[PDB]
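Look below for two forms of one protein chain, each set out as structure tokens: first structure 1, then structure 2.
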Structure 1
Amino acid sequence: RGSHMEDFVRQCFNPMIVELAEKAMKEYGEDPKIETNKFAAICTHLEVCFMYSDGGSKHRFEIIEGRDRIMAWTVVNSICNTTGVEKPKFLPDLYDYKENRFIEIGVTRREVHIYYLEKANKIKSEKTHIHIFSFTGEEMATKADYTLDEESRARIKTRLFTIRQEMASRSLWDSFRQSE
């Protein structure tokens, strides 16, 4: 195939992140060698999810994203059958042991307002918290509750804009934006 995007994704993200995004796509019948613009998105979404859980206390979050589909639903059941939160219809990204809610992390190339509206329409669970990030530096969260401290969220926005700059420096950003 030989995509400049694919080689950039392998140089941009940590090797363990690339491996999980590969397993995530293959589990859903997708090839990172051809769906390279996607490939960059699951890597980006995975890193943001891991930096998100890195914020806060040690035992605060339970990481759902990055596990296999069967195991992620197993941990979701264990969380629901121990706390009492209703089972979400779709797989969330994290669970906040401090606020007692599931968190859906979103990373958008378009306006934060549109994605969240698209995400909120999907999740009929209602109780699931939504937190959206953009590649321009904006963010949007449910009830204006941004969960983490400002410094942890600012670190995520900075990294997102760095991925955007490195992509545009290789003339790959325009195709990345016009693909979501």
Structure 2
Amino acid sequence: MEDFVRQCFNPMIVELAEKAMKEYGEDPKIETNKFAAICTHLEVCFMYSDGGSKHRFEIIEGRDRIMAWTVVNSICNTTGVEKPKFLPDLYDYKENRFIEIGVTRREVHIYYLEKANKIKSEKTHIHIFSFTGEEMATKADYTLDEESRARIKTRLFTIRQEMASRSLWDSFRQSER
């Protein structure tokens, strides 16, 4: 599974995931499933910010803590939108809202409720994806066009198939909570 991650994900995503795990005392060599989950979530967030017009989204995930809050606070001062208690993943300049992106191996509705009642913030938009092709967003507002969401859902589908071909999918799908 470790060799699959460094093979199907770019070195920039792999390095970001390795730093996030080591910041919590986890070895990517041992918790290889969470290693892949972080890479997958990072890849989806980067594809999400490329699926609209130019400069429509500001990336917050992947940045270090100080720069991430520098971007968040700069937006709240310029646009007046409320400041989130936790770091979101994107900001929609067109819709004037923060975006939280989730990638689940289980069911898409369980992850939305778990992330909605955990974020608590009324303004932050939520958009969940899954490896089987489902997606659900806040109030059915999927932000992106059907073509940009299709390449994200197809990308997750391709990842699921490659690990299934490598007999790594069921161990990955199982270890989510």
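The term rigid core refers to the most C-alpha atoms you can superpose between the two forms while keeping them within 1.5 Å. Please note that residue numbering is based on structure 1, beginning with 1 at the start of its sequence.
Listing 145, 27, 111, 149 as candidates, which single one shows a C-alpha movement of 2 Å or greater between structure 1 and structure 2 when the core is held fixed?
Comparing both forms, the shifted residue turns out to be 27.
Look at the Cα of residue 170 between structure 1 and structure 2 with the rigid core superposed and state its shift in Å.
For residue 170, the alpha-carbon shift amounts to 0.9 Å.
How much does the C-alpha of residue 73 shift between structure 1 and structure 2, in angstrom, given a rigid core superposition?
Residue 73 C-alpha displacement between structure 1 and structure 2, core-aligned: 1.1 Å.
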